[PDB]
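fold the following, please.
(one chain, ligands or ions: 3)
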Amino acid sequence: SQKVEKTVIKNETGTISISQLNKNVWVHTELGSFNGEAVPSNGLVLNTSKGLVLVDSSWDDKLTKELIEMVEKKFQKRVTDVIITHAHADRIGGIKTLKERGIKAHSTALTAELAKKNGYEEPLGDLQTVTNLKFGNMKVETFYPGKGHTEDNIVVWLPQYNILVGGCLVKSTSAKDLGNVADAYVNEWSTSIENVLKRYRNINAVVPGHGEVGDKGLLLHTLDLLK
Ligand SMILES: O=C(O)[C@H](S)c1ccccc1
Ligand SMILES: [Zn+2]
Ligand SMILES: [Zn+2]
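Numbers count the residues shown, from 1 in each chain. Ligands and ions are numbered 1, 2, ... in the order given. I have put the structure below:
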């Protein structure tokens, strides 16, 4: 097959799916059981000319298995990069699968310090506050605003489309609050957002951690959730 005007991929179950956001920017969101309920995990996929990329794996290796099988079907390519913001089941849940297909779960040395603490396989663990990533024909750059959703949480930036993917740190507008903050820093969160929205004052789209894509407003709204 070829030459088609279709978008937004979905699995037989529907638990996982994607959506065309930009020329080479997509937003994938999966679902993973938790506390006897369902909890969607927002994400993002890059369509480079040297292998797709994931801004975050699935909840579990068995869950991400169906996630990668999707991107590697319409993008006539394969995933060989996995950016991890923080150490969580919704970040490195598929760390096992990433090391089975030759994929690399990029992440900061800290993001791994918590991974092994949970039982994961620990990501690459070789990053810093900021890292200008470049895959084939794409431009990306990490950033560490501060402590918010996790002790090792960071936001993703794209110096070309102005698309920021804060994640769990940048809550959506529809959201009402932050929620469980057992392993989070509500006192530092306000400081983190103030660093993200400041680092870039020309964002075109913002993708939260649990909800839907929006805009730079998400950052401003997040503060309201703390205050
Ligand atoms: O609440 C969050 O942002 C993280 S990703 C989480 C952890 C456990 C269950 C649901 C969500
Ligand atoms: Zn998380
Ligand atoms: Zn999340």
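
does residue 176 touch residue 225 like I think?
Yes - look at residue 176 against residue 225 with Cβ atoms under 8 Å: they come within range, at 7.4 Å. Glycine gets a C-beta too; all of them are placed from N, C-alpha and C.

so the two - more neighbours on which side?
Taking other Cβ atoms under 10 Å, residue 176 and residue 225 do not tie; residue 225 has more neighbours (16 against 9).

surely that one and residue 171 touch.
Yes - between residue 225 and residue 171 there is a contact under Cβ under 8 Å: 5.7 Å.

okay, and the common contacts of these two?
Common neighbours of residue 225 and residue 171, counting by Cβ atoms under 8 Å, 6 or more residues apart in numbering, are residue 178.

how near is the residue nearest to residue 26 when sequence neighbours are not counted to residue 180?
Nearest in space to residue 26, with sequence neighbours left out and distances taken as Cβ to Cβ, 6 or more residues apart in numbering, is residue 45 at 4.2 Å. Between residue 45 and residue 180 the distance is 27 Å, computed by Cβ to Cβ, to the nearest Å.

one more: residue 146?
From residue 146 to residue 180 the distance is 19 Å (Cβ to Cβ).

neighbour-wise, which of these two wins?
Neighbour count, other Cβ under 10 Å: between residue 146 and residue 180, residue 146 has more, with 19 against 8.

burial measure for the residue of the chain found nearest ligand 1, as a count.
With Cβ to the nearest ligand atom, the shortest gap between the chain and ligand 1 falls at residue 168, namely 3.6 Å. As a burial measure, residue 168 scores 23 neighbours (other Cβ under 10 Å).

next one: the one 10 residues further on
Per other Cβ under 10 Å, the neighbour tally for residue 178 reads 17.
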